[PDB]
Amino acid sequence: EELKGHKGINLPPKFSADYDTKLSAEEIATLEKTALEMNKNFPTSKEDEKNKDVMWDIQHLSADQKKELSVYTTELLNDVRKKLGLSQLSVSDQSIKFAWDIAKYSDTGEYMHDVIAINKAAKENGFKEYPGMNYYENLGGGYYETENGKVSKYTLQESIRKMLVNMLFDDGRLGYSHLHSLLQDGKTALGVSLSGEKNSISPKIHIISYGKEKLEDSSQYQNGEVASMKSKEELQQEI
């Protein structure tokens, strides 16, 4: 059924884009423990069991598979952003191409942001550069493995949701940079890409997001489509 398989992130009480400064130490601990518990199980439908035998080549994805990956991720994040009254994100050919350029240029041997790769991709896609800095990428490393460069669609969707849960509710050892970035107001676009050597215990998920103020003045912006799934609360309130 639709509800048992619904992959929406369950928000804890007192959640906000800046809970790390709004809440006390004791309330932060309680929020994070609650939220990680309430999101530990990847919600699975019979469609998801079949996705376990859909194998994706992370360095060979089709245009449709790239768009699916970005839409899946943007739906989950937009569900949280809409609850917090933040701007909703689009997926476009522009956001996908930018993300996959970052992935292609990123050093597969490197665990941290590849700022040279991000700025090179930015310049070629008409975005502003920030030499030595990264204001485009949230990176998840070590959430999955590539066998001959391949990984199931199920595994990628499972890893992406776990990555978002960890960035929204367990980001304190990284100073909440990912919490703040994923929930930054005024963002309008997201793309998701993947990188890694064929046989890697360290392939990556690149979440690329921005607003139109990151484009150079002359650069063409693509509105694309706002990714929106029905919320669990909307679905429950229908019944």
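Position 1 is the first residue in the sequence shown; the rest follow in order.
> So, looking at the entry's B-factor column for Cα atoms, which has the higher mean, 23-31 or 45-53?
Taking the mean C-alpha B-factor of 23-31 and of 45-53, the larger value falls to 45-53.
> Would you mind comparing 219-227 and 8-16 for me and telling me which has the higher average C-alpha temperature factor in the entry?
So the stretch with the higher mean C-alpha B-factor is 219-227.
> Looking at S200, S177, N39, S70, which has the highest Cα B-factor in the entry?
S200 has the highest C-alpha B-factor of those listed.
> Could you say which of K66, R173, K187, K204 has its CA atom at the highest B factor, as listed in the PDB entry?
Each of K66, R173, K187, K204 was compared by C-alpha B-factor; the highest is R173.
> Ordered by C-alpha B-factor within the chain, which third holds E147? Give me lowest, middle or highest, please.
Tercile = highest for this residue's CA B-factor.
> Using the B-factors in the PDB entry, rank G126's C-alpha atom against the chain and give the third, lowest, middle or highest.
Answer is lowest: the recorded C-alpha B-factor places it there.
> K82: which third of its chain by C-alpha temperature factor?
Middle third - that is where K82 ends up once the chain's C-alpha B-factors are sorted.
> Rank-wise, by C-alpha B-factor, drop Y105 into the lowest, middle or highest third of its chain.
As the PDB entry reports it, the C-alpha B-factor of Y105 lands in the lowest third of its chain.
> Sorting the chain's modelled residues by C-alpha B-factor, tell me whether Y154 ends up in the lowest, middle or highest third.
For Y154, the deposited C-alpha B-factor lands in the highest third.
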